[PDB]
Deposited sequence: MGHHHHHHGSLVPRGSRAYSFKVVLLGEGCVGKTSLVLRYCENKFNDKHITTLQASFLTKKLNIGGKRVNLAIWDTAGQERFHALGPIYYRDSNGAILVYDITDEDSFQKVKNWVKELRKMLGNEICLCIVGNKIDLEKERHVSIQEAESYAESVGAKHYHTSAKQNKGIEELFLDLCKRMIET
């Protein structure tokens, strides 16, 4: 009965499709197969006795209730690029949209080049919540989507 549209955004190597494929199929690919077109899948959840249909839109590289802005923790450049989307989404929809700033590939912690403090403090500064995930190890994905849904219900 709750119906939310959520979009995944981020640079070309951050793992947008990998997050969705793991969450929805329990699968993961080492090959980067670049997304040529936006596509959706619907996740059904019950939260607080309420049914939720979550339309998750993956993107090729105004409607949305939430946006998942994915970066690669080993790639500083991928993190800074998130900030453009934040600026654009905030200009468009203000604080209405639930923003997630997601550091993916936490399995590659050994090669981290984005500071967690900067990531989290930046997230807070734009009214966003920060999240850590790995599509490869299936960590933090269940909770990302769940938390985003809870947050989208609060309005």
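- Where C-alpha coordinates are absent, the deposited sequence of this PDB chain has the segments 1-17, 79-90.
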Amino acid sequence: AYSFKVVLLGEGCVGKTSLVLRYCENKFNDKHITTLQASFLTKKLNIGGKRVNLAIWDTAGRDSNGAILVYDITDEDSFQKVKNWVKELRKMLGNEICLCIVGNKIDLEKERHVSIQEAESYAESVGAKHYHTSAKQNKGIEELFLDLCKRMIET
From here on, numbers count along this sequence of modelled residues.
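- Across the other entries compared, none leave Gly48 without coordinates where the residues on each side are present, so it is far from a third.
- Judged by the one-third criterion across other entries of this protein, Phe28, though modelled here, is missing from at least a third of those that model both its neighbours.
- For the set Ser115, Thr42, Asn26, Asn104, the maximum C-alpha B-factor listed in the entry falls on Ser115.
- The PDB entry assigns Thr35 a C-alpha temperature factor belonging to the middle third of its chain's modelled residues.
- In this PDB entry, the Cα temperature factor of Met152 sits in the middle third of its chain's modelled residues.
- Compared with the other modelled residues of the chain, the Cα B-factor recorded for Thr59 ranks in the middle third.
- Among all modelled residues in its chain, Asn53 ranks in the lowest third by Cα B-factor.
- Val86: CA B factor in the highest third of modelled residues in this chain (values from the PDB entry).
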